[PDB]
Each structure stands twice: as C-alpha cells, then as structure tokens.
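Encoded as structure tokens, the following chain is the form solved without the ligand, with no partner shown.
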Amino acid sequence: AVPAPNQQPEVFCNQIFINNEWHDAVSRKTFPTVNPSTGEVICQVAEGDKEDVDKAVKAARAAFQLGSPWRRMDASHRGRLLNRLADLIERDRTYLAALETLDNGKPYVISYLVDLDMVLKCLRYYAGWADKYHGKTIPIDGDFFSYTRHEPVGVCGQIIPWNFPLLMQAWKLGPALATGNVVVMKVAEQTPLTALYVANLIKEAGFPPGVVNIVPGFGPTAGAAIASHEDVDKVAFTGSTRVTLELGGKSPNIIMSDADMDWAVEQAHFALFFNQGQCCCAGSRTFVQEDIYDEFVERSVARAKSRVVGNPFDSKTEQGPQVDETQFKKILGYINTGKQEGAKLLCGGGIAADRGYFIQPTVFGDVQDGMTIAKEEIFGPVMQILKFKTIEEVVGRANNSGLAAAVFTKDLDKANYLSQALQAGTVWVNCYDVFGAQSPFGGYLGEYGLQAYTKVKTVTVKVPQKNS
C-alpha cells in the first residue's frame, strides 16, 4: 500500500543551511532546479560558492571544538538523535518521496517503497553503531597498559550525486554523525531539494548548530571549494569521473547456461534499467553463455518493449525521465555510437516523448568488448548483451575493465569460482542491487564505513607490574 502522492509538492527549503539557519548566497545568486518530467523550472535555489563554503566550514569547525555540545554529548545520545531524525523523515515520508520524484524523475512508487525505506533503514542502522565502535586494550611487551580510542576525524566534506539524492545523503550522514564528526555537504544542482528539506528535519531533531551544513551549488565552484579548503579534514566524493573517490561503471552481469531463465531475464532487466539506468553499479554488460544466448536475448527484448515509460507519478510507470537535458543528449549520442559501431539495435533507440527527458528502453545485441558502448558507462536505459563460451573466458572479459558484478547459475562450484575470480567490490549471486545498510559497498556501509570516519589514538601507560 502506497499513499496517494501530491504531484505538485510545495518547496519550503531552497537556501544555504549553516548553523541550523537558512542563508542566501553571499553573492545573492540563485540557480533554477528543473522537473525532468516536464523540462520546466520547479523553483530557484541559492547558489553557493567558495565564500559560502568557508562560512559552512567555520560553522562546522566551531561545532567540533573540544568542550562543545556535540563533542561532550554521550555516544548513545548521538544515536538518539539519528533515530529521531529517522522518525521525522518517516513522518514526512509521503511528502519527501513525491519531492524526490518531482526533482529527480524516478517513479513515485519507487521513491516511496525503495528510496525512503532505505533512508530510514540506513539512519536507524547507523544510530545503533553510535556507541558500539570499541577501541582496544593491547597486550604489549613490558610493564605497560596500552589501549586505543577511536576519535572523530573532524570536518568532513561530502559531495553527493543526483541519482539517489536522499539515500546518498543518508549514506554519508549516517556513519559521519554516528562517529561524532561534523559535516559540510554539497548536494547536486540537479537534485538539491530533498536534502535541503532533510536539513530542516536535522534542526528539528535537535542536532547542535554547525554539526551538519549544506551548501547547494555547482561542482567547479562549491564542490571544488570543499575539496580544496585547508580546514576540511576529509572529503568524500561520489559521482562522475583524507580523500576518497567513489565512481562506478560497466558492471558485468554474467548469465551461465544453467541459470534459471525467467529469473535471469527479469534480474538482468532490473540490473540495468533500475532508476532509469542511473546507477553507479548498473549491470551495463550482460554476458550470456552461447547455448542460451538467442532465447535470453529474445526474452530480454520482449521485456524491454513492455517496460512502461511515462509520468513518474502514475502508478503504472516503471521508468521516468533521465535527470537532465545534458544526460538526455549524452545518452542519445551514445545510442548513435552503438549503431555506428556495428552493435545490433534490437529495440528502442530513440526519444520516448516530446516533453521531458524520456528515452525508450534500448537493447543492443552482439556487443563486442572493443565497442564504445561496452567500455563507456552512460547511466541510461541502454542494455548491452554480449555472448561468451567458457567460464574462464568470461572471467577475463568481465575483469578487463570494479564496483560490482553478478553471476546467475544453479551450480555451487560455478558460483564460488566466479565470486572469487571476479574483481569487484560487490559480487551478487542470483540477484542484483541487493544492498543492506549493514553490507559494505566499494570499488577496486556496514561496520567498514566507520573506519573512514575515525582516527585512532593509542595511549601507553607505564604500570607498576604487568600481569596477564
């Protein structure tokens, strides 16, 4: 059961969020955010720049000073705050899911049942880690007592993409706040709305001023300012091609001949088409064993043709528009390159509507490794199907590219052989895009997400006489 959406949700937040207050850009400039479904402007948004970032960083630094409310607060209480934030987001679940759809373009049913559900689960998961990340007491040689303490890194710069606005924000705030860091976040110009509203909930939840600061704006400006600021202790970027870069692209989905055909077909479809193909780990290279190639391809094309493209607020809609005009044209050019390179266009291939950034679900057959559409990730509804013969062969082709991969088979040995040989951060077996707030995700979440937001301090004390 999904509640009826408000197809025209009101925008309450569209400025810079610093010290639990809303500010206009220092330059007073503002940029428009567009509804991808119509191509029309939703509203104006404050355009943050270097000077705005500097204000945010100063606020963050102040909120991180020894003796401050955030620093003195019990670890268990940071957990309480994250749980409270989660409760507030659930309260406004319907409103947030609709706003997400309005600004991003993804189907409202998905925004509500998937995006929001995962946001809630992420924050509540991290709330639980707040007071459970232990240091150690170490049995060092000599008459000493040695132990470690896991301290926060400090001011963390977070730049999040537009594909999953709310979930990306939660993935970043969850682990950072659980460990006691302060944040200066930059949201995507294409999808700044929902994150700004969450900022309002962060204040309502009771987080001290300056703990979380959000600076909407442009990449070359605000984004770069955060990455270059001398008082930022850590910067985590997630998007297109302490510092951590989280990029995604060309994930191989391997279908063995003994795989369940119906399941394989639906999963490979999902693996690529999910969220308009706008996923860092989209299974954009579907490797199919020769014995089942023809049948698999036939079923895949049939599924792609039946995929409903339309108004994201319509319950029947499976695919909304692409995020913006730039991606829209980028995907169209990519489809043309596929045709020019000799890939067999099986269906789709063009615009799906005269209004908005809609593209027909496209499928290319007989794709080769050397082709552009087999090497470049375009984050669009364009499926690439490649044929292969042996398991040894596919391993090499799949690895010749490492965020994620998948293998569909009923054979135990094949599953274990492939899961070990595939060089990817996450390897799915008979499923795809299965993330858990508790399962790590990286390239070549969970408790591992905490390591990156913590600094280790070792204290070694001379004692009278050590005894086991």
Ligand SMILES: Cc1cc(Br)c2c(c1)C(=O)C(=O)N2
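When you see a residue number, it is the position in the sequence shown, counting from 1.
The next section is about a form of this same protein that is not shown, the form deposited with the ligand bound.
Trainee: Report the stretch among 27 to 35, 51 to 59, 406 to 414, 431 to 439 that approaches the ligand in the bound PDB entry to within 4.5 Å, counting heavy atoms only.
Mentor: The contacting stretch is 431 to 439.
Trainee: Under a 4.5 Å heavy atom criterion, is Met383 part of the interface with the ligand in the bound PDB entry?
Mentor: Result no; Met383 lies far from the ligand in the bound PDB entry.
Trainee: Verify the contact flag for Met168: yes if a non-hydrogen atom of it lies within 4.5 Å of a non-hydrogen atom of the ligand in the bound PDB entry, no if not.
Mentor: Output for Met168 is yes: heavy atoms within 4.5 Å of the ligand.
Trainee: Heavy atom to heavy atom, is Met118 within 4.5 Å of the ligand in the bound PDB entry?
Mentor: So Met118 counts as contacting the ligand.
Trainee: Applying a 4.5 Å heavy atom distance criterion, does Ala178 contact the ligand in the bound PDB entry?
Mentor: Residue-level check for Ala178: no, no contact with the ligand.
Trainee: By the heavy atom within 4.5 Å rule, which residue out of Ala343, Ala130, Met256, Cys280 makes contact with the ligand in the bound PDB entry?
Mentor: Among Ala343, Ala130, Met256, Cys280, a heavy atom within 4.5 Å of the ligand in the bound PDB entry occurs only for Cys280.
Trainee: Looking at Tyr108, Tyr126, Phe207, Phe164, which is the one with a non-hydrogen atom within 4.5 Å of the ligand in the bound PDB entry?
Mentor: Answer to the contact question: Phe164.
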